[PDB]
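This report refers to the structure that appears directly beneath it.
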Amino acid sequence: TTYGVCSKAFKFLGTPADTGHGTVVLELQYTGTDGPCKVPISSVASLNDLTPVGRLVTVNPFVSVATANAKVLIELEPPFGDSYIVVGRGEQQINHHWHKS
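Here full-length UniProt numbering is used: the first residue of the sequence shown is 586, the next is one more, and so on.
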């Protein structure tokens, strides 16, 4: 079964990979152990507005294990221009800027 959302922070591993299409692959490590849980990630315009503006290719992100420092790969399609890839929330939410040419 799958609980709710992952209550712990994730770390950015490597740099967001550009697929060539118009997406990016994220190499995420989870510091948590509460998983299975859902990854609170979304492609938003800016840090000030969490209103989703991009879309996931690997929809409904999952951290399927209950051991720490696991690892997840999640493909994402940001919006053209300047966007912020957000993972987590609160003093936990990590942040990464991206630019689509």
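Ideal Cβ placement from N, Cα and C applies to all residues, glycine included.
*Helix, strand or coil for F665, going by three-state DSSP, please let me know.*
Three-state result, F665: coil.
*Whose CA, out of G620, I659, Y669, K685, lies closest to the CA of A653?*
Among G620, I659, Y669, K685, the Cα nearest to that of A653 is on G620.
*Roughly how many whole angstroms lie between the Cα atoms of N680 and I670?*
So the two alpha carbons sit approximately 6 Å from each other.
*Taking Cβ to Cβ, would you say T608 is nearer than 8 Å to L661?*
Against a cut-off of 8 Å, the Cβ pair of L661 and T608 comes out as a contact.
*Do the segment 620-630 and the segment 640-656 touch if we need at least three Cβ pairs shorter than 8 Å?*
Flag = yes, the segment 620-630 and the segment 640-656 touch.
*asked:* I need the straight-line Cα distance from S631 to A651, nearest angstrom please.
replied: Answer to the nearest angstrom: the Cα atoms are 32 Å apart.
*Specify, as a first and last residue, the run of the beta strand (DSSP E) that residue 699 falls within.*
It is not possible to answer for residue 699, since the shown part of the chain is limited to 586 through 686.
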